[PDB]
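Listed in order, the protein sequences are those of chains X and E.
Mind the numbering: the first sequence is residues 372 to 423 in full-length UniProt numbering, read in order.
Mind the numbering: the second sequence is residues 528 to 578 in full-length UniProt numbering, read in order.
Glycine is no exception: its CB is placed at the ideal position from the N, C-alpha and C atoms.
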Amino acid sequence: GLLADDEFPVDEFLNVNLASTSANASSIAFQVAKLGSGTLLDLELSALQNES
Amino acid sequence: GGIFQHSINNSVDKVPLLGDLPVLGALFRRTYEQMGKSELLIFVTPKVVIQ
Numbered sequence: 372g373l374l375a376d377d378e379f380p381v382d383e384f385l386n387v388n389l390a391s392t393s394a395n396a397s398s399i400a401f402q403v404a405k406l407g408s409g410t411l412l413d414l415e416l417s418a419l420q421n422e423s
Numbered sequence: 528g529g530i531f532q533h534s535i536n537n538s539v540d541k542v543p544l545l546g547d548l549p550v551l552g553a554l555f556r557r558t559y560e561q562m563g564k565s566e567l568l569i570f571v572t573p574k575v576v577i578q
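As structure tokens, then:
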């Protein structure tokens, strides 16, 4: 109950934040959310490969 | 004289492994292709006016 503003700290949530930084990168993301025992875990992969 | 020009461009951006599958790959990639061609020529022809 300690912090005042509570919608979701999307940036304070993440442990490892090393996303592929581009405009055409493709991703996919998996989740496990209980909310009864509290546990939540998220995992997203992203990639890109081009040629010219 | 004259000037001749030609140009060709190709480009692909895809998903690292799926955008190469034989028939399904087209679901995982964008493809771009362009071609141009140009040609210029200059002629001259004189003639003596024989009245």
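Please specify which runs of the beta strand (DSSP E), each continuous and at least 3 residues long, are wholly inside the segment 547–574 of chain E, giving them in chain order. 556–568
Where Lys-405(X) falls, given that 16 or more other Cβ within 10 Å makes a residue buried: Along the first sequence, one-based indexing puts residue 405(X) at 34. Result: exposed.
State the beta-bridge partners of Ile-530(E) as determined by DSSP. Counted from its first residue, the second sequence places residue 530(E) at position 3. Note: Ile-530(E) sits in a beta bridge opposite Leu-567(E).
If we cut at 7 angstroms on Cβ distances, does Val-575(E) have a partner in chain X? Along the second sequence, read from residue 1 onward, the residue named residue 575(E) stands at position 48. Answer no: the Cβ-Cβ gap between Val-575(E) and chain X never drops below 7 angstroms.
May I have the straight-line CA-CA distance separating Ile-569(E) from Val-575(E), to the nearest angstrom? Position 42 of the second sequence, counted from the start, is the residue given in the question as residue 569(E). Position 48 of the second sequence, counted from the start, is the residue given in the question as residue 575(E). Straight-line Cα distance between these residues: approximately 21 angstroms.
Closest by C-alpha distance to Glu-422(X), when choosing among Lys-541(E), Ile-530(E), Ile-577(E): In the first sequence, residue 422(X) corresponds to position 51, counting from 1. Here the closest residue by C-alpha is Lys-541(E).
So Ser-397(X) contacts chain E; which residues on that side make the cut at Cβ distance below 7 angstroms? On the first sequence, residue 397(X) is found 26 positions in, with the first residue counted as 1. Within chain E, the residues near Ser-397(X) are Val-542.
is_contact[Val-539(E), chain X] using C-beta, thresh 7 angstroms: Along the second sequence, one-based indexing puts residue 539(E) at 12. True, the Cβ-Cβ gap to chain X drops below 7 angstroms.
Going along chain E in order, which residues have a C-beta closer than 8 angstroms to the C-beta of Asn-421(X)? For the purposes of this step, residue 421(X) is identified with residue 50 of the first sequence, where counting begins at 1. Neighbours of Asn-421(X) on chain E, chain order: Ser-538, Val-539, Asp-540, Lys-541.
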